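J.: Let me begin by handing over the structure; questions about it come next.
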Amino acid sequence: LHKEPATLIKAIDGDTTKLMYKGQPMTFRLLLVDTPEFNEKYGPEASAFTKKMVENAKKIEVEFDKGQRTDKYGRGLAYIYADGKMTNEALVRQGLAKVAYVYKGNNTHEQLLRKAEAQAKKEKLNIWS
Ligand SMILES: Cc1cn([C@H]2C[C@H](OP(=O)(O)O)[C@@H](COP(=O)(O)O)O2)c(=O)[nH]c1=O
Ligand SMILES: [Ca+2]
């Protein structure tokens with residue numbers, strides 16, 4: 001897998017963000033995770049966490065997996081990095097997202113993320129509290 005450049009256009013919620021990629025605005029949905037909707041418990045905290053991570057970064061990058069790159073809603077499917085740190089993993093490690101939506105063929109970072117979810121659950125963080 002390869003990292004590619006992108007720039008923030010605006011935050012949306014814990015697991016979606018609007019980025020400019022190859023010069024075109026696209027909403028990205030984070031691979032392999034599910035944050036609560038803004039309305040649900042920890043929804044606001046997930047949104048805040050992602051918003052802060054992405055806007056504070058100097059360098060945003062997107063990394064597509066081996067399979068489909070856009071979902072049925074036209075959202076890009078990627079791992080998103082903020083100054084070299086993976087947002088998807090960070091959300092799971094903090095107990096602000098569950099590993100979810102693991103489709104065969106777009107699952108390269110599955111067991112990195114499961115390792116993070118185990119450690120969040122062990123610490124009883126947020127969703128696991
Ligand atoms: C993360 C991800 C979501 N999706 C689709 C499945 C779900 O369809 P449904 O909309 O029919 O439930 C929806 C979940 O996204 P959200 O959690 O953003 O709602 O997006 C994919 O197709 N591929 C993916 O990799
Ligand atoms: Ca969600």
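Residue numbers start at 1 in each chain; chains themselves are named A, B, ... in the order of the structure tokens; ligands are numbered from 1 in the order shown.
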Give me the residues near region 54-62 of chain A as number ranges by chain, where near means some atom within 8 Å (using only C-alpha atoms) and where sequence neighbours in that chain fewer than 6 positions away do not count.
T.: A: 3-8, 11, 78-84
J.: Which neighbours of region 35-39 of chain A fall inside 8 Å, counting only C-alpha atoms, when residues of the same chain fewer than 3 positions from it are skipped, and could you give them as an mmCIF file with N, CA and C atoms, in the first residue's frame?
T.:
```cif
data_model
loop_
_atom_site.group_PDB
_atom_site.id
_atom_site.type_symbol
_atom_site.label_atom_id
_atom_site.label_comp_id
_atom_site.auth_asym_id
_atom_site.auth_seq_id
_atom_site.Cartn_x
_atom_site.Cartn_y
_atom_site.Cartn_z
ATOM 1 N N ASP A 13 -17.479 14.018 10.521
ATOM 2 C CA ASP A 13 -17.717 13.399 11.841
ATOM 3 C C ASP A 13 -16.572 12.414 12.240
ATOM 4 N N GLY A 14 -16.825 11.456 13.131
ATOM 5 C CA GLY A 14 -15.687 10.679 13.656
ATOM 6 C C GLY A 14 -15.035 9.819 12.597
ATOM 7 N N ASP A 15 -15.814 9.372 11.656
ATOM 8 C CA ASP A 15 -15.203 8.466 10.662
ATOM 9 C C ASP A 15 -15.348 8.937 9.200
ATOM 10 N N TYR A 42 -20.785 9.064 22.832
ATOM 11 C CA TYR A 42 -19.410 9.206 22.285
ATOM 12 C C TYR A 42 -19.296 9.690 20.842
ATOM 13 N N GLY A 43 -20.446 9.920 20.188
ATOM 14 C CA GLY A 43 -20.486 10.561 18.874
ATOM 15 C C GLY A 43 -19.801 11.892 18.845
ATOM 16 N N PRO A 44 -20.214 12.806 19.721
ATOM 17 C CA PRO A 44 -19.523 14.107 19.736
ATOM 18 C C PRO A 44 -18.009 13.991 20.015
ATOM 19 N N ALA A 46 -16.062 11.423 19.368
ATOM 20 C CA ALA A 46 -15.372 10.895 18.178
ATOM 21 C C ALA A 46 -15.174 11.957 17.119
ATOM 22 N N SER A 47 -16.228 12.725 16.859
ATOM 23 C CA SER A 47 -16.156 13.808 15.878
ATOM 24 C C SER A 47 -15.050 14.767 16.253
ATOM 25 N N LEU A 96 -12.905 5.123 20.738
ATOM 26 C CA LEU A 96 -13.864 6.069 20.146
ATOM 27 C C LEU A 96 -14.437 5.422 18.873
ATOM 28 N N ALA A 97 -13.875 4.275 18.474
ATOM 29 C CA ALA A 97 -14.463 3.517 17.342
ATOM 30 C C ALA A 97 -14.294 2.030 17.577
ATOM 31 N N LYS A 98 -15.176 1.251 16.979
ATOM 32 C CA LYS A 98 -15.063 -0.205 16.926
ATOM 33 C C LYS A 98 -14.473 -0.622 15.588
#
```
J.: Using only C-alpha atoms, which residues sit within 8 Å of residue 93 (chain A) once same-chain residues fewer than 6 positions away are excluded, as a tab-separated table (two decimals) with N, CA, C and O atoms, in the first residue's frame?
T.:
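The result, written out as out-v1.tsv:
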```tsv
chain	number	residue	atom	x	y	z
A	113	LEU	N	-5.49	-2.90	13.66
A	113	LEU	CA	-6.59	-2.28	14.34
A	113	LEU	C	-7.26	-3.13	15.49
A	113	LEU	O	-7.62	-2.61	16.55
A	116	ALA	N	-5.26	-2.78	18.49
A	116	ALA	CA	-5.57	-1.53	19.21
A	116	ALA	C	-6.88	-1.63	19.98
A	116	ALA	O	-7.02	-1.08	21.04
A	117	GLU	N	-7.89	-2.27	19.37
A	117	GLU	CA	-9.19	-2.40	20.04
A	117	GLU	C	-9.04	-3.26	21.34
A	117	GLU	O	-9.57	-2.90	22.37
A	119	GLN	N	-6.46	-3.39	23.24
A	119	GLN	CA	-5.83	-2.61	24.27
A	119	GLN	C	-6.78	-1.53	24.82
A	119	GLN	O	-6.86	-1.33	26.02
A	120	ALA	N	-7.56	-0.86	23.96
A	120	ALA	CA	-8.63	0.02	24.44
A	120	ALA	C	-9.65	-0.65	25.35
A	120	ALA	O	-10.14	-0.01	26.29
```
J.: Can you tell me which residues sit at most 8 Å away from ligand 1, counting only C-alpha atoms and all ligand atoms, written as a PyMOL selection string?
T.: chain A and resi 15-16+29-35+37+70-73+77+100-103+106
J.: Take the residues that were just selected and, keeping C-alpha atoms, output them as a short mmCIF file (atom, residue, chain, number, x, y, z; two decimals), in the first residue's frame.
T.:
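So the final result, stored in out.cif, reads:
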```cif
data_model
loop_
_atom_site.label_atom_id
_atom_site.label_comp_id
_atom_site.auth_asym_id
_atom_site.auth_seq_id
_atom_site.Cartn_x
_atom_site.Cartn_y
_atom_site.Cartn_z
CA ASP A 15 -15.20 8.47 10.66
CA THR A 16 -15.79 10.79 7.64
CA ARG A 29 -15.02 7.17 4.88
CA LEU A 30 -12.35 5.62 7.15
CA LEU A 31 -11.71 1.89 6.42
CA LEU A 32 -12.32 -0.81 9.04
CA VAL A 33 -13.93 1.39 11.75
CA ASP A 34 -17.28 2.66 13.00
CA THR A 35 -17.62 5.70 15.18
CA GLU A 37 -23.16 8.95 14.97
CA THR A 70 -15.19 4.27 -3.39
CA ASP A 71 -18.28 2.96 -1.68
CA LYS A 72 -21.92 2.97 -2.94
CA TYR A 73 -22.42 6.59 -1.77
CA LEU A 77 -12.50 4.34 1.24
CA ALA A 100 -16.17 -2.84 11.82
CA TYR A 101 -17.03 -3.20 8.20
CA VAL A 102 -14.22 -5.68 7.45
CA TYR A 103 -14.79 -6.66 3.84
CA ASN A 106 -9.97 -4.13 1.73
#
```
J.: Tell me, in Å to one decimal, how far CA of residue 40 (chain A) is from CA of residue 111 (chain A).
T.: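 So the two atoms, CA of residue 40 (chain A) and CA of residue 111 (chain A), lie 26.4 Å apart.
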